[PDB]
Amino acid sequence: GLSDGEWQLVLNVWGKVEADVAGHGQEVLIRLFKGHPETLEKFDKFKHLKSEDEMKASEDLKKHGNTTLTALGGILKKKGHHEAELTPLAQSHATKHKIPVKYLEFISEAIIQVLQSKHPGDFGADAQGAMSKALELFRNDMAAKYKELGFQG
């Protein structure tokens, strides 16, 4: 939904995540939890984490980080042609995890926040703009799948 050039700017930045997905994933979930603490209530496994130092020690918080970024990268690499990868995610999140689209908006910002803190030199004005666009496309799609499931919010 981006130009071919935008998808390249996206994949070029993702490449940096791939050199260390668990650590980018850990920081992303920590960024999200400090930023929208309500977001932690959706995680049974994580409600007990009471500070960042606790978040940081959590080995599972970290595996979950890896899981989330791993599915997202599978999705970003389909440069748009992702329905098969999106569906099972819209299903589980829609119906079993109960995640409103607004939250997607929050993870989207933590992801950008982390690329921005981790890779400044490399996440310039062009790249920021293409990632945002790619992250918006993913949400808009997820939104639409929700709707089709007859869910919404």
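Don't overthink the numbering: it's just position in the shown sequence, from 1.
When the two stretches 142-150 and 4-12 are set side by side, the higher mean Cα temperature factor goes to 142-150.
Between the stretches 108-116 and 36-44, it is 36-44 that shows the larger average CA temperature factor. The PDB entry gives the largest Cα B-factor of the residues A90, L29, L49, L69 to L49.
Annotation for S58: C-alpha temperature factor in the middle third relative to the rest of the modelled chain, per the entry.
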